[PDB]
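All remarks here apply to the structure that follows.
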Amino acid sequence: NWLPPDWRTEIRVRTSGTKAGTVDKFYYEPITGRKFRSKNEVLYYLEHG
Amino acid sequence: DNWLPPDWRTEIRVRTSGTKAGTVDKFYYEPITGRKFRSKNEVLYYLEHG
């Protein structure tokens, strides 16, 4: 819990290949739908919109 | 997914926020191009027609 109001989250779970079973979390910006790959990439961009 | 050609990648996307929380989508990725498909039939269509 640190995430602005309308922000969508998801996990991608790898189901084939060398990294089958790995879970990656993604954050999407509202209206735009802009994909971020980490906490800090979102924290950073809130500061520098 | 034995039907899939070699070096195709699969994953599931699960929504973790909003109305659609808990929704699971299957994706299929073509080797090298990274091109995205959303079902078995869409992949078999593409392999046939290019």
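Looking only at other chains, what is the average number of their beta-carbon atoms within 10 angstrom of each beta-carbon in A:6-13?
Details: counts 2, 2, 6, 6, 11, 6, 6, 6.
Mean partner shielding for this stretch: 6.
Need one value for B:14-21: mean number of C-beta atoms belonging to other chains within 10 Å of its residues' C-beta atoms.
Going residue by residue through B:14-21 and averaging, the value is 4.
May I ask which of A:25/B:40; A:19/B:26; A:39/B:20 have a Cα-Cα span longer than 20 Å here? Can you show the working numbers first?
Details: A:25/B:40 25 Å; A:19/B:26 16 Å; A:39/B:20 22 Å.
Pairs exceeding the cut-off: A:25/B:40; A:39/B:20.
Relative contact order for segment B:9-49 using alpha-carbon pairs under 8 Å, separation at least 6, rounded to a whole percent?
Numbers: 47 pairs, mean separation 11.9, N = 41.
Across segment B:9-49, relative contact order equals 29 percent.
Okay, helix-only estimate at 222 nm for chain A: each DSSP H run of n ≥ 4 adds -39500 (n - 2.57), divide by all residues, round to 500 deg cm²/dmol; what do you get?
On the way: 1 runs with 9 residues, N = 49.
That calculation yields -5000 deg cm²/dmol at 222 nm.
Under a Cβ-only charge scheme (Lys and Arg +1, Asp and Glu -1), can you give me the dipole magnitude of the protein assembly as shown about the Cα centre, in debye to the nearest 20? Intermediate values should be presented prior to the final figure.
Numbers: 18 positive and 13 negative charges, 33 e Å.
Dipole about the Cα centre, nearest 20: 160 debye.
Name the residues whose placed amide hydrogens come within less than 5 Å of the amide hydrogen of residue B:16, ignoring near sequence neighbours (fewer than 5 apart) on the same chain.
When sequence neighbours closer than 5 places are left aside, the close amide H contacts are A:9, A:10, A:11, B:22.
With point charges of +1 on the Cβ of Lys and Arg and -1 on the Cβ of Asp and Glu, referenced to the Cα centre of chain B, which listed residue (B:22, B:50, B:3) lies farthest in the positive direction of the dipole?
The listed residue farthest towards the positive side: B:22.
So what are chain B's ellipsoid semi-axes, whole angstrom, largest first, if each one is the square root of 5 times an eigenvalue of the alpha-carbon gyration tensor?
Numbers: eigenvalues 118, 24, 19 Å².
Equivalent ellipsoid of chain B: 24, 11, 10 Å, largest first.
Roughly speaking, what is the stretch gain from residue A:18 to residue A:46, that is 0.36 nm per residue apart minus the C-alpha to C-alpha distance, in nm to one decimal? The partial results should precede the final answer.
Working: separation 28, 0.36 × 28 = 10.08 nm, distance 3.46 nm.
Net length gain for the segment: 6.6 nm.
How big is the dipole moment of chain B about its Cα centre under a simple scheme where the beta carbon of each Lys and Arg is +1, that of each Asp and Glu is -1, and everything else is neutral? Debye, nearest 20, please. Intermediate results must be reported in sequence, preceding the final value.
On the way: 9 positive and 7 negative charges, 66 e Å.
In total the dipole reaches around 320 debye.
If you take the Cα Rg of the protein assembly as shown and divide it by 2.2 N^0.38 Å, with N the number of residues, what do you get?
On the way: Rg = 15.9 Å, N = 99, 2.2 N^0.38 = 12.6 Å.
After normalising by residue count via 2.2 N^0.38 Å, the value is 1.26.
Don't worry about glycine lacking a Cβ; one is built from the backbone with ideal geometry, like all the others, and counts go over all protein chains shown. Read-outs: derived from the displayed coordinates by stated rules, not from any lab.
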